[PDB]
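Summary of the model geometry
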2 protein chains.
Amino acid sequence: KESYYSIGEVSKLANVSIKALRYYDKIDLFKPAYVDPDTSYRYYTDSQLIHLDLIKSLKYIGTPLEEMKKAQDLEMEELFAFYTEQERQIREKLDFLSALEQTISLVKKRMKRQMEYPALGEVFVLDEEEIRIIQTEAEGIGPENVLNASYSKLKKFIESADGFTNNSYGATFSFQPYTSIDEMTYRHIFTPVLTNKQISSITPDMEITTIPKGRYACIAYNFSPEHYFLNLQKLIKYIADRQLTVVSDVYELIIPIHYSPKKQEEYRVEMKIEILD
Amino acid sequence: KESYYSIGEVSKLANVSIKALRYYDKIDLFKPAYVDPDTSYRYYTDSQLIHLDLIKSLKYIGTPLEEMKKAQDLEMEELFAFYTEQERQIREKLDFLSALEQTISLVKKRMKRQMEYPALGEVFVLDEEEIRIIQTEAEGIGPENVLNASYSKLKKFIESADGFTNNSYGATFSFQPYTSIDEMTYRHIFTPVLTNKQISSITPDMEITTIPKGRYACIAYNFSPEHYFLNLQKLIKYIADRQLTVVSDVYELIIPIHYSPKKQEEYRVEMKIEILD
DNA sequence: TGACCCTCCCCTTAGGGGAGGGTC
DNA sequence: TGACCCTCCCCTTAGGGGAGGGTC
Ligand SMILES: COc1ccc2cc3[n+](cc2c1OC)CCc1cc2c(cc1-3)OCO2
Ligand SMILES: COc1ccc2cc3[n+](cc2c1OC)CCc1cc2c(cc1-3)OCO2
């Protein structure tokens, strides 16, 4: 080859845009063999095309352009290692993505269950699978004064283990024949976990526990301050009428229907309590 | 909560940077409940913190910010679907990454073999594993006039199946007792394939074939115009002396030692030919 | 008085999309 | 004369890093 290739020829031959070529030129990653001193036209030698091989390959695997500059120097000996490195990072993304995929699936699983609920406002008994959770004591907190900010530390944990943040906010309280909401006080407030991934060094003011597998007398409904208590009451009554034996605290889960700052807020509330007979 | 949270409080509570908060404000993704008309200070209500849940989660899975805006509207019903979509894309990246990982491994495999070669300039017989390749006829092309551009269409194929571009350039020619390089003419020029991934609708001027598994009389060495022919000669002589039977064309593979535009170019050349006894 | 917060401005990857103007 | 090529400029994700200046 005693000639030269014009920018467009190289582009058609290497399947690399002219824009890409001008950029690799500016970047001093791949500069033409000769630039016409007048027209400023870019000209390339055939032997030089070989350098685009590495460039295109590294680009395919996401290597940053400036990163390539150092790679084009090493001589097959170290280039080997360079790849072993790239492999490590590739597996990194894979593990992340696999985990992420699993998480999403679980969020959907739980999400579907709330969508296929028997009936709102009515009490019923069903067999539940255990649900793992992270809890901390309520410290006086009760139905009338809980805040989203109250779940801050809990959420920081689930977040650094799941990436995803809890979908539901939970609380518990002694099963009593209350006559008023102000008589109520939460024992614990909790958030369920998704990934059981070893919780990054948990502090002792948190407990990794579970809402055990068993039979539960439940009731779900769309939140309304004047319905919260009356629904608790249905539950209390239902258990008394069938003479059931409660063997856990009442478990309370609040999950938002939407996260739109536009529409009026609405939550799904679910109270369940483990029973025996 | 009859008060407000200052930007920094929300930041500490939601584990979201103040910068991030100001940006989500500008973007109209998450704006404070109230902005002090004088100080311009940003103030947030506790109930509002709940909207950051979706934001943080979608952000964790790579959803673009403007994309989130539409997601915060849908009500759990469609939000479910939205995730099914996200799952599809997640698997997409996974397949890609898995493939990519496999590719890199192969490039390393081949790369290592060239690094652990018996001896340069000397002829020897070894048992080889089959190597799949894509070839096209040489059309007169020979050792003295092959160009990188000659492998253009071939490379466009391997590239759209492997992402990675071939590491070695190949050619073949009839095994003859040549007396001169100018007597030589390639039958085919080829590039080996990495992924056997169904080659995207291959045109008939290309053949998907293979350098079969078998015994080969080989010789590798660092390229030098005056060594190309003399090494071919060693091969021709070696086969004559042991009275071996050649049962293929001579296979020629050229692979660059580096892709640095700084240092002098250097290639690794390997000639092999399948024999019988 | 210190932390706390605000606006403004500059910077970052790898180019794609033109626009205005010469050029094999 | 048309394609081919060049330089210049604007634009793109999600903010982080200050800088200069008021503020619970
Ligand atoms: C976003 O999370 C929320 C959002 C809103 C919530 C609203 C209420 N609770 C938790 C909430 C919660 O818990 C996590 C506790 C039970 C309750 C009783 C009431 C009432 C409001 C509430 O008005 C008077 O009687
Ligand atoms: C980057 O790829 C290259 C680079 C350089 C190459 C150089 C030569 N060949 C292929 C090459 C190739 O093939 C793909 C064919 C054999 C040959 C005989 C010769 C000679 C040069 C070459 O000088 C006189 O005798």
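Residues numbered from 1 in each chain as written, not as in the entry; some residues may be left out. Chains lettered and ligands numbered in written order. Heavy atoms only, no water.

For this entry, the PDB record names X-ray crystallography as the structure determination method and reports a resolution of 2.70 Å.

The name the PDB entry gives chain A is Multidrug-efflux transporter 1 regulator, with Bacillus subtilis as the organism. Its UniProt record gives chain A the following Function comment, quoted word for word: "Activates transcription of the bmr gene in response to structurally dissimilar drugs. Binds rhodamine as an inducer." Note on chain A: under the UniProt heading Subunit, the record states "Binds DNA as a homodimer." (UniProt positions renumbered as here; feature names shortened; annotations may be inferred.)

**Section: the interface of chain A and chain B**
With 69 residues of chain A at the contact, the number on the chain B side is 69 residues. Carbon and sulfur atoms supply 65% of the area that chain A and chain B bury against each other, a total of about 6,800 Å² over both sides. Looking at the side of chain A facing chain B, the largest losses of area belong to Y60(A), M76(A) and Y259(A), adding up to 12% of the total buried there. Counting across the interface, chain A meets chain B through 10 salt bridges. Here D73(A) and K262(B) are joined by a salt bridge, their closest N and O atoms 3.3 Å apart. Where chain A meets chain B, there are 30 residue pairs in polar contact. Those elements that place two or more of their residues in the side of chain A that touches chain B are α1 (7–14), α3 (51–60), α5 (77–115), α6 (152–162) and β10 (250–256) of chain A. (Contact = heavy atoms within 4.5 Å. Buried area = accessible area lost by both parts, 1.4 Å probe. Salt bridge = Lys/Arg side-chain N within 4 Å of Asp/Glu carboxyl O. Polar contact = N/O pair within 3.5 Å; in protein donor to acceptor, adjacent residues only side chain to side chain. Helix = DSSP H or I, 4+ residues; strand = E, 2+ residues; numbered from the N terminus.)

**Quick notes on the site of ligand 2**
Residues in contact with ligand 2, as listed here, are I50(A), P143(B), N148(B), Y151(B), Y169(B), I181(B), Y186(B), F223(B), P225(B), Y228(B), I254(B) and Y267(B). The environment around ligand 2 is built from residues contributed by chains A and B. Out of a free accessible area of 530 Å², ligand 2 has 79% covered by protein chains. Here the shell around ligand 2 is built from residues that sort into 11 nonpolar, one polar and no charged. (Near = heavy atom within 4 Å. Areas by Shrake-Rupley, 256 points an atom, 1.4 Å probe, with all protein chains shown as cover. Nonpolar A, V, L, I, M, F, W, Y, C, P; charged D, E, K, R; others polar.)

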